[PDB]
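First comes the structure, then the notes that go with it.
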């Protein structure tokens, strides 16, 4: 059992109408992460990532430069980066 972290994310850019949520869920699962992703009312994509630090950090880089193939990302805001006792999530859902 490694040090587990959680981080909140919000992604600004051409991120809706580009299958962003599907590809986020897929990549999170590929990297062994749990959490969630949704569209927000301000046109951004938002969620949390939880998992081992190297895995979360990789997904953070994904969210900074890549996302779904047709998306382009202006900014990824991260906050509430915290060490956690255990995962709060058992899967990675698209929730909104």
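Residue numbers (the authors' numbering): 3 to 98.
Positions of the beta carbon are idealized from the N, C-alpha and C atoms, including for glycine.
Exposure of residue 45 is indicated by the presence of fewer than 16 other C-beta atoms within 10 angstroms of its C-beta. With contacts defined by Cβ atoms closer than 8 Å, residue 65 and residue 13 form a contacting pair. Leaving aside the five residues that flank residue 38 on each side, the residues in its chain whose CB is nearer than 8 Å to its CB run, in chain order, 49, 50, 91, 94, 95, 96 and 97.
Remark: three or more beta-carbon pairs, one from each stretch, lie closer than 8 Å, so the segment 23 to 37 and the segment 60 to 78 are flagged as touching. Relative to residue 58, the option among 36, 22 and 73 whose CA is nearest is 36. Note that the C-beta distance between residue 9 and residue 80 is below 8 Å.
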